[PDB]
Structure formats: structure tokens, C-alpha cells
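Quick heads-up: it's one chain on its own, the form deposited in one PDB entry, in C-alpha cells.
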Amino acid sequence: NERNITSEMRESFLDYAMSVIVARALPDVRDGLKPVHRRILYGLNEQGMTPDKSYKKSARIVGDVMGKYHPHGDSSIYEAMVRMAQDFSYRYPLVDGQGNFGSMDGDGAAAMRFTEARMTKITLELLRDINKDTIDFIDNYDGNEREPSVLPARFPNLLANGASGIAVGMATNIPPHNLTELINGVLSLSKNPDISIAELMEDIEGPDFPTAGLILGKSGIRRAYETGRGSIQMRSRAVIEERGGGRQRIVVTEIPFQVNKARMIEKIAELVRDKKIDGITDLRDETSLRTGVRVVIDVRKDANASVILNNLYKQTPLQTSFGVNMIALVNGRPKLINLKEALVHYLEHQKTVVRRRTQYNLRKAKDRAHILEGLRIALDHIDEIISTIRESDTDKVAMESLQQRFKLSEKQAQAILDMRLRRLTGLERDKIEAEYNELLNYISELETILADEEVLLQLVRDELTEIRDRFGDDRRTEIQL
């Protein structure tokens, strides 16, 4: 009937602010994903978009995600999927894209209609054991679908691919890291819960950008890992070389992370034009898919190229800082976290995933073993089984008679009635016996894991080591002292 403007403002703004914080701009500490990214990857998993299968139209993927889980603009979903396919944006790309998916020059991807996409091999590790009761599922926006609250994330994705999100009252800026370094850090933490940031830094040297480049000093890295906030100076990989006739040039082969190459070139061109920099005769972008990134700055004869390079670092994005602000959703709430807290929350998620997977595999093995026990009784007394079914007028009568005579459960009797005549052949008979013996050994193996917390932790360690050996790569960004 009536509404006070102060109460209306406070309630409406708080409702929006909270939604951007917990359901839009901030990633979860466990899988390193924002709701849009998680819905894309889960969408790809439900659509069967694994790396072994053929690429599917991006418009079909986006549309499916939009209708089933993400009730927002198609451009928001598509541009998020595009970023996950760019090897200059993602240190470990999550989407394998076909067609124009953009460039370092800020050129966008081709329209949704033209591009195609699927999962990368590393994304299988993010979705590994999702249908094995490892994570809690929640109702979707309209209650017609089920979606994951968090992905199992068998590799530390938050720190690996990083994050950048502008929320309300706060923001986040987590840089990407090297996977070999991160897993080694998790393994060191799993062996010592009282490990210091300094000790963890022996494994994790600092951020590792997909665009490589250089990092100036360790003080900024240290401040960020200890407090969650710090300034990291990024530098382009540039060298001074001769070009003939006693003349020199500056050759840039790597640029800082998130820096637009074309925009950086225009800023150098602007400085030359406005005469704010001296000694530059030419500026060309010799970058190609064959030679890689190559920006050439021709230096005037007898002019000091090292002075020009130093001035370019001061006046252009050739040197750019990364303002670290590690804010992630911890227990559904925003929190400024240090390097240890990020690894601690991740390791706890892995222990839970592996435990819940082992518990699920035990329940399903025990259920299947119960069914095979019924089928084994059925084959041992098949002549009696057949006659019991034949004497029965209905399926319900056959069910009750089988349960009574052969001490079977409802599920066991049902499985016997569902048994096809071809299961009575020698090869199919031995198949039931072979599966059952294997299952008893498997039940014992899973029970051993659940009986010891150290065996469970070692299984987490072993599975992380396997991912490290398969997906772990060399460090790209050089940390200069």
C-alpha cells in the first residue's frame, strides 16, 4: 500500500549488492569459478561436450546454459566462454574453441552463430566424479533443473587460472599461477598443516601469466601471499639488437598480462607524434601466428636504446602493475584470503570429494553385489526358477513366489525376471561370476580407504601428483631479482 524511500533503498540495494557478491562477480575458493563459468562447464558436461567428441555450435551451448541454468544475457555467457578458450587470458584454458576466438589486440571472437566449442582435457579434471555424489546439487532458478553448487575441481583452479571481478562494496584480483608449483604447494601443505607462507613460496615462486613476461622483485609477491593484497610490477620481454648500418632496435616478444597489444602500440605512436619521447624512427607490429609476438621499435642512429626502453617502461603499458586483492567466496561469504588460506580451503574440498566418491562407489558396488548374488542363486537353481515363473499367472505372483522360495529381496527377484534368455549362455554365466569376484575385491579396497584417514589423504596426494605429471608445464613468467 505504502513504502518509505529509506527502507526501500536499503532493502533493494542490499538485495542487489549481496547477489553480485555471492552469485555473480566473486569466485568460489574451492573450484575458482563464478556462477556463469560453472554453468558453462556443467552445461558442456551435460551436453556431452568432452574432448573426444566433435565441436558443437557456440549458440547451441550458450542457449542451453541460458535456458537451463543462467537466466541472463547471451553476450554475458558467450563472452565468458570465449575468455576460457583464449590462451592469452587463461593460463590453463577450460574451453577448446573452433573459429575466431579473438586476439591479443582486443579483437573479439566471431559471432555465436559461427564459432564452435567443447571441453579441454584439463576441464575433465574440473568435472571428474561430479555424478558420484562428491558435490551438493541445488535446484535451478525455475526448479525444472538441477545444478552444481561447486565443481569437484581435481586441480587448484582458483590460483591456476586466477580471477578478476568487480562486485558491490568490493572487488577481486587473483593472478594466474603455475600448476606444477601449486600442486607441489598443496602436497607440502598436506604433509605439514603448520607450513608458513615463506615455506610454501619455495614451491610457489609467484604468479605465472599465460602471456609470460617479467616480474620485478619478490617484495610485491610476498606482501600479496602474506596479506592477500600487494602490487606486482610486470614488464614486457624486450631486447636491444642491431638492424644494420650501426643502427639499433627494441624488440618486444612478450607483453604484460591483460595489456592490449594494439592499444599499447597506439600509446607508443601517440608519444612519438606528440614528441613526449625522443629517439624513435619506426614502430611496427611484426606479430604473426608463425613467428609469435614481435613489436619492433626502431632507434635513431647513435641514440641510447636502453634510455628509450627505460622511458617506454615509465610512459607506456610496456610496464604494468597487477594490483593483487585476493577476495573469494569462503563458506558462501566474501573473504580476503592469503596464499595459505586459499590452499587450505582447496585441500579440504579435495579430501571431501575423494571421501564422498569412495562412499558412493561402496554403496553402488554393494547394491550391484546384492543383485549379482540374486542372479547367482537364479543360475544355481535355474530349473526351479523357470518353473516358479511358469506356474505364476502375473509378474507380481512370480515376484512373491521367487522371494519366498529362494530367500530373495524385491530387487533380486525383479532382476531375475528382467534377465534375458541370452544370459543363460556359458560366456554370460561366467560373466556374472567374474563381475561378482572383482566387486568383492573392489568393496574391500574402498573399505580400506574409508577405515584410514591417512590412506584417504595419500589417495588425494597420488591423484594430485598424476594431474601434475600430465598437465603440469614449465614456468612462463620470469621473476627477476
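In this text, residue numbers run from 1 along the sequence as written. By rigid core we mean the largest C-alpha set that fits within 1.5 Å across both forms.
Per-stretch averaging of Cα B factors for 271 to 279 and 221 to 229 places 271 to 279 on top. Mean CA temperature factor is higher for 101 to 109 when stretches 101 to 109 and 353 to 361 are set side by side in the entry. Based on the entry's C-alpha B-factors, the most elevated value among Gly43, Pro35, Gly426, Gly67 belongs to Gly426. Reading the B-factor column for the CA atoms of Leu289, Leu179, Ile250, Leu158 in the entry, the top value corresponds to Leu289. Annotation for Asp418: C-alpha temperature factor in the middle third relative to the rest of the modelled chain, per the entry. Annotation for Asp469: CA B-factor lies in the lowest third of the chain's modelled residues. In the deposited entry, the Cα temperature factor of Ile21 places it in the lowest third of its chain's modelled residues.
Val397: CA B factor lies in the highest third for its chain, per the PDB record.
When the modelled residues of the chain are ordered by C-alpha B-factor, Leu216 sits in the highest third.
A second form of this protein, the form deposited in another entry, is not displayed here; the remarks below concern that form.
In a core superposition between this form and the one not shown, the Cα of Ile432 is the only one among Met66, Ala59, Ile432, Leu456 shifting by 2 Å or more.
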